Each structure stands twice: as C-alpha cells, then as structure tokens.
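Only one structure is covered here, and it is reproduced in the block below.
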Amino acid sequence: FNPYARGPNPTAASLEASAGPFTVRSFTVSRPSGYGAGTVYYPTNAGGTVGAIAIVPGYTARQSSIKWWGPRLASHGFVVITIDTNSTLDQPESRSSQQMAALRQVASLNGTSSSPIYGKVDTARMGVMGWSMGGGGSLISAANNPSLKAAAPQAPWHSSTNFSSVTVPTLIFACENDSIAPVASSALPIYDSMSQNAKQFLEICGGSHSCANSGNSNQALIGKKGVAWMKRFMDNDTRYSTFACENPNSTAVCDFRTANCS
Ligand SMILES: *[C@@H]1O[C@H](CO)[C@@H](O)[C@H](O)[C@H]1NC(C)=O
Ligand SMILES: *[C@@H]1O[C@H](CO)[C@@H](O)[C@H](O)[C@H]1NC(C)=O
Ligand SMILES: *[C@@H]1O[C@H](CO)[C@@H](O)[C@H](O)[C@H]1NC(C)=O
Ligand SMILES: *[C@@H]1O[C@H](CO)[C@@H](O)[C@H](O)[C@H]1NC(C)=O
C-alpha cells in the first residue's frame, strides 16, 4: 500500500480532462516571503496530505502565463503556488531562490492555523515547474535541492545547458518553433546533459515559446503529462508509471525522448 496515493485509478480520459477529481479553492498569499506575490491552489477533499509544487513565470511575465497549472494540478491532489517574481526582469538563479522561498512559505502555511492549507501539506514531497527563465530556475532548484521529488519546466532557458548534476526526475516540455530559447540550443541540450535521473523530453508541434502557457491549445496532452509526471514521482504512485513513461502517440508531439523511467 502507498500512503501517498490519492484519488481514483487514472485513465487517459481522466488525465486529459480540464479538471481532476478534487474540488479546488485558492487564495492570495497575504505576506509573500522572499518573492513578489503568489496564489495558492489547493484541493478541499483530497482525503490525505498532498505534496506542494511551486511554478515560476518567464522574463517579463506574471502568474497569468502559468496560472492554468494551478487548478489543473491541484484538482489531482497537490498544493500549487504560482508566483510573481520580485522583478519581472529577474534571471534564472534569482527565480530559483524565489521558487524555493515559495515552497518554504507553503510549508510554513501548513503549520499556520489561520491558513486554508493548515495540515494539508506533506512538506517532504515537493515539485518545481516554470516557464523559460522560470524553467531554468526550476532546473537550478532541482540541481541545488536533490530531495525535490520532481521537476517539469517548459521551454526552459539558462545561460548554461549543463544540468548533469540533476538527480531529480525531470520532464522537459519544449516548443517546436521556439525562437526565444530554440529547442536545438536550449531544451534539447539541457535534456541531453542529464545522465543520473528519470527524465523525459516532449516537444509540442508548431509551438512558439508560449506553447505550454495559459491559453495553449494542447491542455489535454500537456496537462495529462504534467499531472502524470508529478503523480508518479511526487507520490511514488506507480498507477501513473505508464502515463508518465509512455510516448503518448499524439499528433501534437513532434519530438519525444525518455530515459530511466519506470
Ligand atoms: C525577493 O525580494 C524579497 C524582498 O521582498 C527578499 O527577501 C528576497 O531576498 C528577494 N529574492 C531575491 C533572490 O532577490
Ligand atoms: C502539516 O500539518 C499536519 C496537521 O496539522 C500534519 O499532520 C502534517 O504532518 C504536516 N506536514 C508536515 C510535512 O509535517
Ligand atoms: C557538465 O559539467 C560536468 C561537470 O563539469 C562535465 O563533466 C560534463 O562534461 C558537462 N556536460 C556536458 C554535457 O557538457
Ligand atoms: C494513435 O492514435 C491515433 C488517433 O486516434 C490512432 O488512430 C492510432 O491507431 C493510435 N496508435 C496506436 C498505438 O494504436
């Protein structure tokens, strides 16, 4: 028996749906501690403590760019914080620090009797996501904090592609037609650098740099993969092993790679 398993046995249809099995509520963080602002999404009815995921936007961008992940993930049994950075022009290292400050504050709110997430969080089970420089920051977070259970950045950018130190299970979303952080010089080299981990590469056909953002036309596939990855690795939930590891057989997938996935 897996003490972290939540929710019904998954299906393709249940993971491609706009909403998971749990009812979601949200709040604005009242006093953001070490980052600009944040929104916490949480399930009201998960039936046990859940892991936490912190999601960071790209350069110039705000929560709106990554907000669709909050309800999508929380509805499957996660506490999700979407942040604004101290500056829209923060670089990846700063974004990583702020992402981890957001996870810290979620852990603090677990212990805060006034918070809607009082006693809802397993602080030992955490995940990192983000777009562009926030995706680079997620990879920095993973490199610096190997106790993180999963990473799933989208269209990442970092001034270095070498993440050979990362031992955290890492899914990279990439966008075929990205001209900001081209796949061939950013996402794919970042993927190829990682030698120690479970990892996956999923490139979306015809995608611009914003192909995994709020308002994308591939929420069925991208949401299925992001939830499956986080369930598999944050919850050690092998019910999700096939959904996490499979080549999905979608018209939307223009490049796929996976390694050390079980
Ligand atoms: C973000 O700003 C807060 C001040 O509100 C500060 O505590 C934190 O250090 C800043 N983080 C970075 C990485 O600059
Ligand atoms: C969060 O608090 C609840 C109860 O108030 C507790 O059961 C749980 O273990 C806490 N999370 C962590 C990681 O300690
Ligand atoms: C990344 O950095 C490590 C540590 O220096 C080095 O051994 C390795 O060759 C580099 N990886 C790539 C893919 O360049
Ligand atoms: C992949 O999906 C298409 C679209 O529905 C389907 O026609 C095809 O038979 C599928 N591939 C496999 C493995 O069956």
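Easy rule for this one: first residue shown is 1, then count along the chain.
For this deposited structure, the header notes the method as X-ray crystallography, 1.7 Å.
Backbone N, Cα and C atoms are what each Cβ position is placed from, and that goes for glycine too.
In the three-state DSSP scheme, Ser132 (active site, nucleophile) falls into the coil class. What Swiss-Prot lists as active site, nucleophile is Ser132, and the listing cites a curator's inference.
Note on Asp178 (active site, charge relay system): other Cβ atoms within 10 Å of its Cβ, all shown chains, come to 23. According to Swiss-Prot, the active site, charge relay system annotation covers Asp178 (among others), on the basis of a curator's inference.
Taken from Swiss-Prot, the feature active site, charge relay system covers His209 (among others). Under the three-state DSSP scheme, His209 (active site, charge relay system) falls in the coil class.
The poly(ethylene terephthalate) binding site annotation in Swiss-Prot covers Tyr59, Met133, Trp157. With a cut-off of 8 Å between CB atoms and residues at least 6 apart in sequence, the same chain places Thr88, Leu89, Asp90, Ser132, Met133 near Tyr59 (poly(ethylene terephthalate) binding site), listed in sequence order.
Sequence-distant contacts of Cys175 (disulfide bond), defined as residues of its own chain at least six apart whose C-beta falls under 8 angstroms from its C-beta, comprise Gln154, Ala155, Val183, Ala187, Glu203, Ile204, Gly207, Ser208, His209, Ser210, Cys211, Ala212. Taken residue by residue with DSSP, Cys175 (disulfide bond) is part of a strand. According to Swiss-Prot, the feature disulfide bond maps to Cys175-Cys211 (among others).
Within the same chain, residues at least 6 positions away in sequence whose Cβ sits under 8 Å from that of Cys261 (disulfide bond) are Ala198, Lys199, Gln200, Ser241, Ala244, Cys245. As annotated by Swiss-Prot, disulfide bond applies to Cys245-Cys261 (among others), with the evidence given as experimental evidence.
The least crowded of the recorded positions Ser132, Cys211, judged by other CB atoms within 10 A of its own CB, is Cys211.
Cα separation, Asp178 (active site, charge relay system) to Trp157 (poly(ethylene terephthalate) binding site), rounded: 11 Å. Each of the recorded positions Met133, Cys245 was scored by other CB atoms within 10 A of its CB, and the lowest score goes to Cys245. When the Cα positions of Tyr59, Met133, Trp157 are compared pair by pair, the longest gap among these poly(ethylene terephthalate)-binding residues is 10 Å.
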